[PDB]
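Engineer: Need the 3D shape of this:
(2 chains)
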Amino acid sequence: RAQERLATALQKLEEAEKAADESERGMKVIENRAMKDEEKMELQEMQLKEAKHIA
Amino acid sequence: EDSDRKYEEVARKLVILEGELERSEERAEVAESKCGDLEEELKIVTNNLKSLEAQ
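Structural biologist: Numbering: from 1, shown residues only, chains lettered A, B, ... in the order given. Structure as follows:
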């Protein structure tokens, strides 16, 4: 039963860390997207600004 | 784009308004030249009729 619960531990940690690392690639892509939205906001609020300027 | 095409439209209206107010003074001044020469010949013919009124 030692090695039985051992195998349970193995499969559990394995699936749990696969989930952790898919959440990790999720955080990679969402930080990317966050900087993307940041520069988006910058440049598009800026074209709004120059729109008001020339308006 | 609203401000843009609006100013462009009214600028075309201004350029045509200039293209007409230019010769506005032209067809004004030709009228005055006419007035002048007509009054002149008026005086001439009034003198000539009177000179011929003799007998």
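
Engineer: ranges for the helices of chain A?
Structural biologist: For chain A, applying DSSP state H gives helices covering A:2-54.

Engineer: which ones are touching whichever residue of chain B sits closest to chain A?
Structural biologist: Nearest residue of chain B to chain A: residue B:3, at 4.4 Å (Cβ to the nearest Cβ). Any C-beta I mention is one placed from the backbone N, CA and C, and that applies to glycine too. Going by Cβ atoms under 8 Å, 6 or more residues apart in numbering or on different chains, residue B:3 touches A:54, A:55.

Engineer: so how far is residue B:35 from it?
Structural biologist: Plainly put, residue B:3 is 47 Å away from residue B:35 if you go by Cβ to Cβ, to the nearest Å.

Engineer: what residue is smack in the middle of chain B?
Structural biologist: residue B:28 (1.7 Å; Cα atoms, centre = their mean).

Engineer: All set, thanks.
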